[PDB]
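Chemist: So I've got this file, data.tsv, and it contains TSV, C-alpha atoms:
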```
chain	number	residue	atom	x	y	z
A	49	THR	CA	0.00	0.00	0.00
A	50	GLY	CA	2.17	2.94	1.24
A	51	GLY	CA	3.13	4.84	-1.94
A	52	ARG	CA	1.34	2.37	-4.20
A	53	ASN	CA	-2.25	3.66	-3.68
A	54	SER	CA	-2.67	6.98	-5.40
A	55	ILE	CA	-5.54	6.90	-7.89
A	56	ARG	CA	-5.08	10.03	-9.94
A	57	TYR	CA	-7.03	12.10	-12.41
A	58	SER	CA	-6.23	15.39	-14.21
A	59	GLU	CA	-5.65	18.06	-11.54
A	60	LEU	CA	-8.75	16.95	-9.58
A	61	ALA	CA	-6.48	15.77	-6.71
A	62	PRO	CA	-5.21	12.45	-5.19
A	63	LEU	CA	-7.76	9.87	-4.17
A	64	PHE	CA	-6.39	7.00	-2.05
A	65	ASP	CA	-7.21	3.27	-2.12
A	66	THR	CA	-10.34	1.77	-3.69
A	67	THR	CA	-12.90	4.17	-5.21
A	68	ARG	CA	-15.56	3.73	-7.91
A	69	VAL	CA	-15.79	4.09	-11.65
A	70	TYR	CA	-19.18	3.78	-13.33
A	71	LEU	CA	-20.17	2.08	-16.58
A	72	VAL	CA	-23.61	3.42	-17.57
A	73	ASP	CA	-25.62	3.61	-20.80
A	74	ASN	CA	-28.48	5.96	-19.93
A	75	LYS	CA	-25.94	8.82	-19.55
A	76	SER	CA	-27.50	11.62	-21.62
A	77	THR	CA	-24.51	13.46	-23.06
A	78	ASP	CA	-23.07	10.11	-24.27
A	79	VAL	CA	-26.04	8.77	-26.20
A	80	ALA	CA	-26.45	11.71	-28.52
A	81	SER	CA	-22.73	11.78	-29.34
A	82	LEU	CA	-21.25	8.28	-29.24
A	83	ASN	CA	-23.46	5.22	-29.31
A	84	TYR	CA	-26.10	6.62	-31.66
A	85	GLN	CA	-25.90	3.67	-34.01
A	86	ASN	CA	-25.40	1.13	-31.22
A	87	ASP	CA	-27.68	-0.67	-28.80
A	88	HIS	CA	-27.78	-1.62	-25.15
A	89	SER	CA	-25.85	-4.81	-25.74
A	90	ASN	CA	-22.81	-3.05	-27.17
A	91	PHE	CA	-22.24	0.62	-26.39
A	92	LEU	CA	-19.73	3.24	-25.41
A	93	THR	CA	-19.65	5.13	-22.17
A	94	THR	CA	-17.67	8.02	-20.91
A	95	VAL	CA	-16.36	6.84	-17.53
A	96	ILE	CA	-15.16	10.37	-16.71
A	97	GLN	CA	-18.06	11.76	-14.71
A	98	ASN	CA	-16.79	15.35	-14.84
A	99	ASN	CA	-19.42	17.87	-15.73
A	100	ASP	CA	-17.03	20.24	-17.53
A	101	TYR	CA	-15.66	18.28	-20.45
B	49	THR	CA	11.36	25.74	-1.09
B	50	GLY	CA	11.38	21.88	-1.21
B	51	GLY	CA	8.38	20.85	0.92
B	52	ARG	CA	7.50	24.43	1.81
B	53	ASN	CA	5.73	25.39	-1.46
B	54	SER	CA	2.41	23.65	-1.67
B	55	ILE	CA	-0.43	26.13	-2.12
B	56	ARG	CA	-3.55	24.11	-1.42
B	57	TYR	CA	-7.28	24.43	-1.87
B	58	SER	CA	-10.17	22.01	-1.15
B	59	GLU	CA	-9.59	18.86	-3.23
B	60	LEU	CA	-8.75	20.92	-6.35
B	61	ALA	CA	-5.13	19.62	-6.19
B	62	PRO	CA	-1.62	20.94	-5.25
B	63	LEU	CA	-0.38	24.06	-6.95
B	64	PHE	CA	3.34	24.80	-6.45
B	65	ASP	CA	5.14	28.11	-5.88
B	66	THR	CA	3.69	31.54	-6.66
B	67	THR	CA	0.21	31.68	-8.25
B	68	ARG	CA	-2.49	34.37	-8.30
B	69	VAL	CA	-5.46	35.35	-6.20
B	70	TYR	CA	-7.80	38.06	-7.47
B	71	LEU	CA	-9.50	40.90	-5.61
B	72	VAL	CA	-12.33	42.19	-7.84
B	73	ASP	CA	-15.53	44.19	-7.29
B	74	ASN	CA	-17.39	43.82	-10.58
B	75	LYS	CA	-17.80	40.07	-9.87
B	76	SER	CA	-21.52	39.48	-10.51
B	77	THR	CA	-22.46	36.78	-8.01
B	78	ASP	CA	-20.80	38.83	-5.22
B	79	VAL	CA	-22.55	42.15	-5.71
B	80	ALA	CA	-26.08	40.87	-5.42
B	81	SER	CA	-25.27	38.89	-2.26
B	82	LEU	CA	-22.58	40.64	-0.22
B	83	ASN	CA	-21.70	44.26	-0.83
B	84	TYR	CA	-25.22	45.45	-1.66
B	85	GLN	CA	-25.10	48.27	0.86
B	86	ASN	CA	-21.43	49.05	0.21
B	87	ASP	CA	-19.54	51.02	-2.41
B	88	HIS	CA	-16.43	50.70	-4.50
B	89	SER	CA	-14.24	52.16	-1.80
B	90	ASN	CA	-15.10	49.49	0.75
B	91	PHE	CA	-16.46	46.15	-0.44
B	92	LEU	CA	-16.32	42.42	-0.05
B	93	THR	CA	-15.07	39.97	-2.62
B	94	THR	CA	-15.09	36.26	-2.86
B	95	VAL	CA	-11.48	35.37	-3.71
B	96	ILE	CA	-12.49	31.76	-4.44
B	97	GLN	CA	-13.00	31.80	-8.19
B	98	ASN	CA	-14.69	28.39	-8.27
B	99	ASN	CA	-17.82	28.28	-10.35
B	100	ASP	CA	-19.56	25.64	-8.21
B	101	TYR	CA	-19.97	27.20	-4.80
C	416	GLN	CA	-30.59	65.46	3.43
C	417	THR	CA	-33.73	64.62	1.41
C	418	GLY	CA	-33.19	65.65	-2.18
C	419	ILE	CA	-31.45	63.68	-4.84
C	420	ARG	CA	-28.20	65.00	-3.32
C	421	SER	CA	-28.89	62.16	-0.89
C	422	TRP	CA	-29.09	58.92	-2.92
C	423	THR	CA	-27.06	60.13	-5.88
C	424	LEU	CA	-23.58	61.46	-6.54
C	425	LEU	CA	-22.33	64.26	-8.78
C	426	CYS	CA	-19.13	63.49	-10.62
C	427	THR	CA	-16.90	63.77	-13.65
C	428	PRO	CA	-18.20	62.55	-17.05
C	429	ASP	CA	-15.68	60.14	-18.66
C	430	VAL	CA	-16.67	59.36	-22.19
C	431	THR	CA	-15.36	55.78	-22.05
C	432	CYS	CA	-18.39	55.10	-19.85
C	433	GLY	CA	-16.33	53.14	-17.39
C	434	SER	CA	-12.89	51.64	-17.24
C	435	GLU	CA	-13.63	47.93	-17.58
C	436	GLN	CA	-11.03	45.20	-17.52
C	437	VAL	CA	-10.29	42.06	-19.46
C	438	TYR	CA	-8.94	38.66	-18.53
C	439	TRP	CA	-6.26	36.66	-20.32
C	440	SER	CA	-6.31	32.88	-20.30
C	441	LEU	CA	-3.79	30.44	-21.74
C	442	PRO	CA	-5.51	27.16	-20.73
C	443	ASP	CA	-3.33	24.96	-22.84
C	444	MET	CA	-0.01	26.31	-21.55
C	445	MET	CA	-0.22	27.45	-17.94
C	446	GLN	CA	-1.23	25.94	-14.69
C	447	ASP	CA	-4.63	26.94	-13.47
C	448	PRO	CA	-4.31	29.53	-10.65
C	449	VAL	CA	-5.31	28.63	-7.12
C	450	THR	CA	-9.01	28.10	-6.96
C	451	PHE	CA	-9.77	27.92	-10.64
C	452	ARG	CA	-11.36	24.78	-11.90
C	453	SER	CA	-9.99	23.35	-15.13
C	454	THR	CA	-12.50	23.18	-17.99
C	455	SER	CA	-13.24	23.49	-21.70
C	456	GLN	CA	-16.08	25.98	-21.57
C	457	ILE	CA	-14.49	29.02	-23.23
C	458	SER	CA	-16.51	31.31	-21.02
C	459	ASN	CA	-14.93	29.88	-17.84
C	460	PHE	CA	-11.30	29.15	-18.61
C	461	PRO	CA	-8.76	29.87	-15.90
C	462	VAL	CA	-7.40	33.40	-15.75
C	463	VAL	CA	-3.75	34.23	-15.65
C	464	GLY	CA	-3.79	37.95	-16.01
C	465	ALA	CA	-6.12	40.88	-15.66
C	466	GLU	CA	-5.76	44.24	-17.29
C	467	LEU	CA	-7.74	47.36	-18.05
```
For the file at hand, write its structure as C-alpha cells.

Modeler:
Amino acid sequence: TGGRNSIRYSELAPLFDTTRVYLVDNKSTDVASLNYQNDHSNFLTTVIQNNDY
Amino acid sequence: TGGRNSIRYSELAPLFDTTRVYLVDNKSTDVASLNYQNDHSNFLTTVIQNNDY
Amino acid sequence: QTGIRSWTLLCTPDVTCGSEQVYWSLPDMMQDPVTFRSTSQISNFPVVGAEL
C-alpha cells in the first residue's frame, strides 16, 4: 500500500485506495454523441463523470 | 522551497510556488449577495474563483 | 438630506463610460491559478492575467 495507492485524475487531486468508476448507458450526453448507431448490448460510455468536459 | 511550497485548496489539487489570487468588485455573483449596501471604496469579494460554490 | 443629493452622486463625465477590464487565459499552456477549476467551456477558462 504505502506509496502504491494513489488513484489520480487530471488536476482533480489524489484519491487513495479503492474508489468507484461507473459504466452506464443511460448517460444523456453520451447517447447523442457516441453510441447513436449502437444498442444496449454493445455501447460506449464516458467513464469520466466530470461535468465540464 | 522543497516541501515548503504547496499552495492548497479544497480537493482541487496541489499548486506549487507563486500563483495568483484576485480581488475584484465587478464580480456578478458577489454584488447581489454581499456588498449590496457598500460602495467601490469598501467592499467584499469572494477570492475563491470556483464556479460551483 | 432629502433631495437627490442624498441617494445620488455628482461626478466627472468620462466618455469611455467606465474603465472595464479584461482577462487573459492560456488554458493549454499554464497551470490553473489557485481556486480555478480546469474546464473546456471558453466562457470559464482559468485566468492568468487581468488588465484594463

Chemist: Let me make sure I understand: among A:96, A:50, A:101, A:82, which one has the smallest atom-to-atom distance to residue 70 (chain A) if we use only C-alpha atoms?

Modeler: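 Ranked by minimum distance to residue 70 (chain A), first place goes to A:96.
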
Chemist: If we count only C-alpha atoms, what is near region 441-452 of chain C at a cut-off of 12 Å, once residues fewer than 2 positions away on the same chain are taken out, given as a ChimeraX atom specification?

Modeler: /A:58-61,98-101 /B:54-70,94-101 /C:438-439,454-464

Chemist: Save the residues we just selected, C-alpha atoms, as a compact mmCIF listing (two decimals), keeping the file's coordinate frame?

Modeler:
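Result file again_33.txt:
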```
# COMPACT_ATOMS: atom_id res chain seq x y z
CA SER A 58 -6.23 15.39 -14.21
CA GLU A 59 -5.65 18.06 -11.54
CA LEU A 60 -8.75 16.95 -9.58
CA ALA A 61 -6.48 15.77 -6.71
CA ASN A 98 -16.79 15.35 -14.84
CA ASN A 99 -19.42 17.87 -15.73
CA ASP A 100 -17.03 20.24 -17.53
CA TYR A 101 -15.66 18.28 -20.45
CA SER B 54 2.41 23.65 -1.67
CA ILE B 55 -0.43 26.13 -2.12
CA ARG B 56 -3.55 24.11 -1.42
CA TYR B 57 -7.28 24.43 -1.87
CA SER B 58 -10.17 22.01 -1.15
CA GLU B 59 -9.59 18.86 -3.23
CA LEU B 60 -8.75 20.92 -6.35
CA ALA B 61 -5.13 19.62 -6.19
CA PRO B 62 -1.62 20.94 -5.25
CA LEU B 63 -0.38 24.06 -6.95
CA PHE B 64 3.34 24.80 -6.45
CA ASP B 65 5.14 28.11 -5.88
CA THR B 66 3.69 31.54 -6.66
CA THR B 67 0.21 31.68 -8.25
CA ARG B 68 -2.49 34.37 -8.30
CA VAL B 69 -5.46 35.35 -6.20
CA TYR B 70 -7.80 38.06 -7.47
CA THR B 94 -15.09 36.26 -2.86
CA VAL B 95 -11.48 35.37 -3.71
CA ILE B 96 -12.49 31.76 -4.44
CA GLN B 97 -13.00 31.80 -8.19
CA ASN B 98 -14.69 28.39 -8.27
CA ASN B 99 -17.82 28.28 -10.35
CA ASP B 100 -19.56 25.64 -8.21
CA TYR B 101 -19.97 27.20 -4.80
CA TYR C 438 -8.94 38.66 -18.53
CA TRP C 439 -6.26 36.66 -20.32
CA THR C 454 -12.50 23.18 -17.99
CA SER C 455 -13.24 23.49 -21.70
CA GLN C 456 -16.08 25.98 -21.57
CA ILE C 457 -14.49 29.02 -23.23
CA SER C 458 -16.51 31.31 -21.02
CA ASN C 459 -14.93 29.88 -17.84
CA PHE C 460 -11.30 29.15 -18.61
CA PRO C 461 -8.76 29.87 -15.90
CA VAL C 462 -7.40 33.40 -15.75
CA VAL C 463 -3.75 34.23 -15.65
CA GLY C 464 -3.79 37.95 -16.01
```

Chemist: Between CA of residue 83 (chain B) and CA of residue 71 (chain B), measure the distance and give it in Å to one decimal.

Modeler: 13.5 Å

Chemist: Which residues are near region 84-93 of chain B? Cut-off 10 Å, all atoms listed in the file, ignore same chain within fewer than 6 positions. Put them as a list in words.

Modeler: residues 70, 71, 72, 73, 74, 75, 77 and 78 of chain B

Chemist: So what do you get for CA of residue 465 (chain C) versus CA of residue 49 (chain B), distance-wise?

Modeler: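 So the answer is 27.3 Å.
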
Chemist: May I have the centre and edge lengths, in Å to one decimal, of an axis-aligned box around the listed atoms of region 448-467 of chain C with 6 Å added to every side, as AutoDock Vina command-line options?

Modeler:
```
--center_x -10.1 --center_y 35.3 --center_z -15.1 --size_x 24.8 --size_y 36.2 --size_z 28.3
```

Chemist: What is the distance between CA of residue 467 (chain C) and CA of residue 433 (chain C), in Å to one decimal?

Modeler: 10.4 Å
